[PDB]
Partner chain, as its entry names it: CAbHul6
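Quick setup: one chain, the form deposited without its partner chain, written in structure tokens, and binding and motion questions come after.
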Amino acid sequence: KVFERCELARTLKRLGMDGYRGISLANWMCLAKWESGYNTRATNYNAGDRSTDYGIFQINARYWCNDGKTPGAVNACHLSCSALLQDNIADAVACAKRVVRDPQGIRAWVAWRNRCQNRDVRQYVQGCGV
């Protein structure tokens, strides 16, 4: 499922993402935008280390979910990576919350640093009623 911007903004707010571990809703929106373009079925194989990124937040199978094929991987979110490809983003969100509970926080995703950090990210939530 490819979410429309404001539809996603409202969904994330309802799932309690706004301000989670100090991360504003607009940062989560900027992250989803650059990681997958708000697409829940997006998957990306990283040939260099044999890991795959899954879903809307492109969560890495090496640490967060289990797909069985990633070498020396853990499943910190205790989910099958398949769960991160559903239209219903409840599991992807619960797992993203787990990722930011780590010391790096939102910085865990390099795309956030490159395209969201220290930028005016208001645009992602403007007009969405959140």
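Positions refer to the first chain, counted from 1.
Which is higher on average in the deposited entry, the C-alpha temperature factors of 91 to 99 or of 75 to 83?
For C-alpha atoms only, the mean B-factor is higher in 75 to 83.
Averaged over C-alpha atoms, is the B-factor higher for 13 to 21 or for 103 to 111 in this PDB entry?
Result of the comparison: 103 to 111.
Say you rank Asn39, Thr43, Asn60, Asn27 by Cα B-factor from the PDB entry; which sits at the top?
Most elevated C-alpha B-factor of the set, per the entry: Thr43.
Sorting the chain's CA B-factors, does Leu8 end up in the lowest, middle or highest third?
Within its chain, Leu8 is a lowest-third residue by C-alpha B-factor, going by the deposited values.
Within this chain's modelled residues, let me know which third the CA B factor of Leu31 belongs to: lowest, middle or highest.
For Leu31, the deposited C-alpha B-factor lands in the lowest third.
Ranked C-alpha temperature factor of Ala47 among modelled chain residues, by third:
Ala47: CA B-factor falls in the highest third of its chain.
The next section is about a form of this same protein that is not shown, the form solved in complex with its partner chain.
Does any residue in 1 to 39 get within 4.5 Å of its partner chain in the entry with it bound, counting heavy atoms only, and if so which ones?
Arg14, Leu15, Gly16, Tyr20 sit within 4.5 Å of the partner.
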